[PDB]
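Peer 1:
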Amino acid sequence: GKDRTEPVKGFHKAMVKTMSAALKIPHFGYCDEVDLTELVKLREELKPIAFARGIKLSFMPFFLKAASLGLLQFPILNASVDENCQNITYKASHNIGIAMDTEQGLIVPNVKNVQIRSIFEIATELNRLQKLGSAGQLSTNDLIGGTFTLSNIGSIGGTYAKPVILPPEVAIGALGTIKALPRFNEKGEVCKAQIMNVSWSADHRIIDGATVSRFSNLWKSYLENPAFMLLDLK
Amino acid sequence: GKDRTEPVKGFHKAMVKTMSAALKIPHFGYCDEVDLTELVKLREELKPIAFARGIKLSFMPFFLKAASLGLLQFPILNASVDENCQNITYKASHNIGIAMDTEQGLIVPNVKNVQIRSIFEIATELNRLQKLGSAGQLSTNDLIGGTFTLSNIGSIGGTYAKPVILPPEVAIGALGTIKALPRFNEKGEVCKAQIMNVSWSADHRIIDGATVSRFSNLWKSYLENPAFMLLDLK
Amino acid sequence: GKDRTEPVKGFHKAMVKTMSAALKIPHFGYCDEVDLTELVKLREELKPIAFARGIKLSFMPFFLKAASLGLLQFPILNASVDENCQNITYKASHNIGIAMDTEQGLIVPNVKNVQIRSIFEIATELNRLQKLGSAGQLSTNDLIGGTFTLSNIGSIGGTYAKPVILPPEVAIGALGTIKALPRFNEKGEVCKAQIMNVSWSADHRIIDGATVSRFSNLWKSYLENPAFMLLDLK
Amino acid sequence: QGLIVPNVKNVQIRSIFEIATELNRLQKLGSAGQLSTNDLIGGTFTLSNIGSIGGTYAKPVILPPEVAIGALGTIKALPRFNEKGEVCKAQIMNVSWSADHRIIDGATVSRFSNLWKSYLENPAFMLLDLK
Ligand SMILES: [Cl-]
Ligand SMILES: [Cl-]
Ligand SMILES: [Cl-]
Ligand SMILES: [Cl-]
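Residue numbers (the UniProt record's numbering), protein chains in the order written: chain A, 249 to 482; chain B, 249 to 482; chain C, 249 to 482; chain D, 352 to 482.
#1: Answer with buried or exposed for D480 (chain D), where buried requires no fewer than 16 other C-beta atoms within 10 angstroms of its C-beta.
#2: Apart from the five residues just before and just after residue 487 (chain A), which ones in its own chain have a Cβ nearer than 6 Å to its Cβ?
#3: For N389 (chain D) and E369 (chain D), I'd like the C-alpha separation in whole angstroms.
#4: By DSSP's criteria, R431 (chain A) is part of a beta bridge. Which residues make up the other side?
#5: Can you give the beta carbon distance from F276 (chain A) to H452 (chain A), rounded, assuming they're within the 8 Å contact cut?
#6: Near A298 (chain B), what residues of its chain come up, given a Cβ to Cβ distance below 8 Å and the 5 sequence neighbours on each side ignored?
#7: For chain A, find out if any of its Cβ atoms is closer than 8 Å to the Cβ of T337 (chain B); answer yes or no.
#8: Who are the near neighbours of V362 (chain A) in its chain, counting only those whose CB is closer than 8 Å to its CB and skipping five residues on each side?
#9: In chain order, what residues of the region 255-288 of chain B put their CB closer than 9 Å to some CB of chain A?
#10: Considering only heavy atoms of ligand 4 and the C-beta of each residue, which residues fall inside 7 Å, strictly closer?
#11: Report the three-state DSSP secondary structure of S464 (chain C) (helix, strand or coil).
#12: Looking only at DSSP bridge pairs, what is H275 (chain C) linked to?
#13: Looking at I443 (chain A): is its Cβ nearer than 8 Å to the Cβ of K482 (chain D)?
#14: Determine the extent of the beta strand (DSSP E) in which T337 (chain C) is found, giving its start and end residues.
#15: Using 8 Å as the threshold, is the region 319-338 of chain C in touch with the region 413-431 of chain C, meaning 3 or more CB pairs across them?
#16: Tell me which same chain residues have a C-beta within less than 7 Å of the C-beta of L429 (chain D), skipping the five on either side of it?
#17: For ligand 3, any of its heavy atoms closer than 7 Å to the Cβ of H275 (chain C)?
#18: Is the shortest distance between the beta-carbon of residue 484 (chain C) and the beta-carbons of chain A less than 8 Å?
#19: Check whether the Cβ of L271 (chain A) sits closer than 7 Å to any heavy atom of ligand 2, and report yes or no.
#20: Using a Cβ-based criterion (distance less than 7 Å to any ligand heavy atom), does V412 (chain C) qualify as near ligand 1?
#21: Do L423 (chain B) and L398 (chain B) have their C-beta atoms within less than 8 Å of each other?
#22: Who are the neighbours of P474 (chain D) on chain A, taking C-beta pairs under 8 Å?
#23: Between which two residues does the alpha helix (DSSP H) harbouring residue 244 (chain A) extend?
#24: Please state whether the Cβ-Cβ distance between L294 (chain A) and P474 (chain A) is less than 8 Å.
#25: Relative to chain B, which residues along the region 339-357 of chain A have a C-beta separation below 8 Å, given in chain order?
#26: Count the other CB atoms within 10 Å of the CB of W467 (chain D); is the residue buried (16 or more) or exposed (fewer)?
#27: Using 10 angstroms around the beta-carbon of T253 (chain C), count the other beta-carbons present and answer buried if the total reaches 16, otherwise exposed.
#28: Closer than 8 Å by C-beta to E281 (chain C): which residues in its own chain qualify, once you throw out the five before and the five after it? Chain order, please.
#29: Hey, out of D:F432, D:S366, D:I426, whose CA is closest to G405 (chain D)'s CA?
#30: For the alpha helix (DSSP H) holding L414 (chain A), just list the boundary residues, first then last.
#31: How far does the beta strand (DSSP E) with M348 (chain C) in it reach, from first residue to last?
#32: Alpha carbons only, please: which of A:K360, A:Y408, A:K339, A:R376 is nearest the one belonging to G249 (chain C)?
#33: Can you give the Cα-Cα distance for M477 (chain D) and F476 (chain A), rounded to whole angstroms?
#34: Under 9 Å Cβ-Cβ, which residues of chain C neighbour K440 (chain B)?
#35: Hey, how far is the Cα of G393 (chain C) from the Cα of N358 (chain C)?
#36: Can you list the residues of chain D that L294 (chain A) reaches, using a CB-CB cut of under 8 Å?
As structure tokens, this is what we get:
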């Protein structure tokens, strides 16, 4: 009923620091829509196997592995840049951050080395990370050395977004809500289509539009055609 | 057919200072689409009552009232931050700004204390502010004290936008054109649906994604199911 | 399996500087969807007239001509602004840049003087700049003097975007993929509509939302109903 | 020149694509009499694709010192039921396994078989544990 004034205190101080650092990066935005009908089908048929192993299976393992596969072809997106963007460090480890909000807001644990993990290992690893993170009990090692971030705004709502890049990373994407929409198929009839939006932000100092673009189509094509993923997994 | 160079004079000076000031804010964008069918119909039936009362009823009063109702639960979106985001002031009054362009550039009057005003009063205050705005007769009190801003780009066209937060506020939303699109209902059939897109921008130093998202959901449910609002209004 | 640090060098340093000089610009984002169904048809008809004159014809020359017509109406969008935004230079020529990525990064050649060129001469100029651009032989004069920029992200993929304004310009558009979507027609029946998304960013210091939105609308009606262009050309 | 059984090394660590590559080569090699000792030795397990000429079921001969072999027949389109009770075009391929009954028992070939088949009938399940 009156104005209350307060200090930005405790943990909230870190978000201020991070997002201010983020103003030094000219964000380029590139968004698209991805047809997840196959993937949803795919997932429904994998839930029984993962449940039988003690693991809930979201879409995220899929998204994460596809980005990993994507970053093999476009390593620049898994890089870091220095104080005034004079030097680029290309990172070997695909340590993808899963953006989370807690009772304390922004916290970004990462799955280490997705490049050598199975979809199933990543499920397992996300499951550990939520258990811990909602328990307020996420460790330092889980929190450092991220190379690239995904953020599932769609777990709550949303179509497109403009996510903020997390220094020293050069990219992030946001995934919206999976939604049934009327869409045409090869036959030209109106199908139910399981449609999701993705928004990528990138540091346009060193990552051009074609690279985000091309990365995005590859990532996307792994998800629309999940067999495409089968070809290069070991 | 030659290049003309001109001073930015007078009133145009202030947009320069307002927008440059917004460079210090790290903008997180979050977007959605809102199904306004029930609201379009709802407006048709109220239109004759408000015309009888002498008011023109647009969608804004509803957006505004749904925003305020939303800000009761996410009061941090109706707040301010200081020079370096050290201290947040949570504002009790919902003084929601409405952006306009005038011959003289950007002007943003606000409706005071929406938290204690009915949709109909809001309608009235809008017409008052619109008349005045376009007559160049807005008072100082009409302009000062804004706590949150809506921007109806949809009066002209557009789907999504990236609106610019107005210091010292922490959030702004842009509303796009109402468009009839084909969408599924519960029975899985193709419908006429009135769809509006909304774009929020938020100061990500103190507002996190969940906050902006859950707010958007809540706001969004008040409008897609108008009668939800009716529960807590006195 | 190893990290690698390399410097940003030579022909890459330039993208660093450009994109960093864009951080001084408060970017306003406005987006829309265009119905390109009549243009696709129209393009089909002209294709065997261009092939017979040596010219590949895409959509870009239409986009260029429709932007130039827009700019005659809204000359402030083909304008420049000084060191701290205190003078506007309104620019006669519509030198419109086409944003390209090379095996060399970001290159932005422009078509000089679109306001005095036919769609055909525009097509001719685009072809030329593509032969030269993809062979890394663009001259200095093709490179300098741009007043306004369009960027065809959609030759690769994408829906909406946040393009980064190139100083000293004040605006830029990005065009998405032309995608066949189900849409209602006049009679309220479900049609195959060729839908493209467009995304403009504009220097909000001197450009208000009204002008970006009205410009868009004009641009968009030239493309949705191409006869309108006919009316005024010589 | 008769029976020649080269082998793909270390399948457990190679991708499908990698394996298609190594077969392409093994074939160019074999069908010119130019497989090396290394291509030829060290086999742990054998498949036999009789279906490239024709056939349904078979009784292939385990190659000592290995303990199992499988033959794959032709892929024919056959009428089969789906979940819903309707008559569809199904591609049915027969497999025949022979196993050294001294140390391999019936359940093992069975379950193995089921699994292999499982991965093939539902090619997506292969996704889960590949990396
Ligand atoms: Cl920017
Ligand atoms: Cl930012
Ligand atoms: Cl900004
Ligand atoms: Cl749509």
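For every residue, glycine included, the Cβ atom is placed at its ideal position computed from N, Cα and C.
Peer 2: On the basis of the supplied data:
#1: As a first step, residue 480 (chain D) must be located in the fourth sequence, where it is residue number 129. Its Cβ having fewer than 16 others within 10 Å, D480 (chain D) is exposed.
#2: The requested residue 487 (chain A) is not part of the displayed model; chain A covers only 249 to 482.
#3: As a position in the fourth sequence, residue 389 (chain D) is number 38, starting the count at 1. As a position in the fourth sequence, residue 369 (chain D) is number 18, starting the count at 1. Rounded to the nearest angstrom, the two C-alpha atoms are 18 Å apart.
#4: Indexing the first sequence from 1 puts residue 431 (chain A) at position 183. By DSSP's assignment, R431 (chain A) forms a beta bridge with A:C439.
#5: Taking the first residue of the first sequence as 1, we reach residue 276 (chain A) at position 28. Taking the first residue of the first sequence as 1, we reach residue 452 (chain A) at position 204. About 4 Å separates the beta carbons of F276 (chain A) and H452 (chain A), which is inside the 8 Å limit, making them a contact pair.
#6: As a working mapping, residue 298 (chain B) is identified with position 50 in the second sequence. Closer than 8 Å at Cβ, skipping near neighbours: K304, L305, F368, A371.
#7: The residue given as residue 337 (chain B) occupies position 89 in the second sequence. Judged by the 8 Å Cβ criterion, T337 (chain B) is in contact with chain A.
#8: Stepping through the first sequence from its first residue, residue 362 (chain A) is reached at position 114. Contacts found: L312, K313, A315, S316, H342, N343, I344, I370.
#9: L271, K272, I273, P274, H275, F276, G277, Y278, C279, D280, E281
#10: A:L429, B:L429, C:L429
#11: On the third sequence, residue 464 (chain C) is found 216 positions in, with the first residue counted as 1. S464 (chain C) falls in the helix class under three-state DSSP.
#12: Residue 275 (chain C) sits at position 27 when you count from the first residue of the third sequence. In DSSP, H275 (chain C) forms a bridge with C:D451.
#13: Sequence index remark: in the first sequence, residue 443 (chain A) carries index 195 (1-based). Sequence index remark: in the fourth sequence, residue 482 (chain D) carries index 131 (1-based). No, they are not a contact pair.
#14: The residue given as residue 337 (chain C) occupies position 89 in the third sequence. Where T337 (chain C) is concerned, the enclosing beta strand (DSSP E) stretches over 335-338.
#15: yes
#16: Sequence index remark: in the fourth sequence, residue 429 (chain D) carries index 78 (1-based). So the qualifying residues of the chain are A441, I443.
#17: Sequence index remark: in the third sequence, residue 275 (chain C) carries index 27 (1-based). At least one heavy atom of ligand 3 is nearer than 7 Å to the Cβ of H275 (chain C), so yes.
#18: Any answer about residue 484 (chain C) is impossible in this case: the structure gives chain C only from 249 up to 482.
#19: Position 23 of the first sequence holds residue 271 (chain A). Correct: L271 (chain A) has its Cβ closer than 7 Å to ligand 2.
#20: Within the third sequence, numbered from 1, the residue matching residue 412 (chain C) stands at position 164. At least one heavy atom of ligand 1 is nearer than 7 Å to the Cβ of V412 (chain C), so yes.
#21: Walking along the second sequence from the start, residue 423 (chain B) turns up at place 175. Walking along the second sequence from the start, residue 398 (chain B) turns up at place 150. Yes. Within cutoff.
#22: Here residue 474 (chain D) refers to the residue found at position 123 of the fourth sequence. Ordered by position in chain A, the residues that pass the 8 Å Cβ test against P474 (chain D) are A475, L478.
#23: Chain A is shown only over 249 to 482; residue 244 (chain A) falls outside these bounds and no answer can be derived.
#24: Locating residue 294 (chain A) in the first sequence gives position 46, counting from the first residue. Locating residue 474 (chain A) in the first sequence gives position 226, counting from the first residue. Cβ distance not < 8 Å, so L294 (chain A) and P474 (chain A) don't count as in contact.
#25: Look at the region 339-357 of chain A: the residues with a C-beta under 8 Å from a C-beta of chain B are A347, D349, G353, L354.
#26: Along the fourth sequence, read from residue 1 onward, the residue named residue 467 (chain D) stands at position 116. Per the 10 Å Cβ criterion, exposed.
#27: Locating residue 253 (chain C) in the third sequence gives position 5, counting from the first residue. When all chains shown are included, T253 (chain C) counts as exposed.
#28: Translated into positions along the third sequence, residue 281 (chain C) becomes position 33. Hits under 8 Å: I443, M444, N445, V446.
#29: Here residue 405 (chain D) refers to the residue found at position 54 of the fourth sequence. The candidate whose alpha carbon is nearest that of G405 (chain D) is D:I426.
#30: Taking the first sequence and counting its residues from 1, one reaches residue 414 (chain A) at position 166. From DSSP, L414 (chain A) is part of no alpha helix (DSSP H); its letter is neither H nor E.
#31: In the third sequence, residue 348 (chain C) corresponds to position 100, counting from 1. Run containing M348 (chain C): 348-350, per the beta strand (DSSP E) assignment.
#32: Locating residue 249 (chain C) in the third sequence gives position 1, where the first residue counts as 1. The residue among A:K360, A:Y408, A:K339, A:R376 with its C-alpha nearest the C-alpha of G249 (chain C) is A:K339.
#33: Numbered from its first residue, the fourth sequence carries residue 477 (chain D) at position 126. Numbered from its first residue, the first sequence carries residue 476 (chain A) at position 228. Their Cα atoms are separated by approximately 12 Å.
#34: Looking up residue 440 (chain B) in the second sequence gives position 192. Under the 9 Å cutoff, chain C gives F432, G436.
#35: As a first step, residue 393 (chain C) must be located in the third sequence, where it is residue number 145. As a first step, residue 358 (chain C) must be located in the third sequence, where it is residue number 110. If you take the alpha carbons of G393 (chain C) and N358 (chain C), they lie about 8 Å apart.
#36: Here residue 294 (chain A) corresponds to residue number 46 of the first sequence, with the count starting at 1. Within chain D, the residues near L294 (chain A) are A475, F476, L478, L479.
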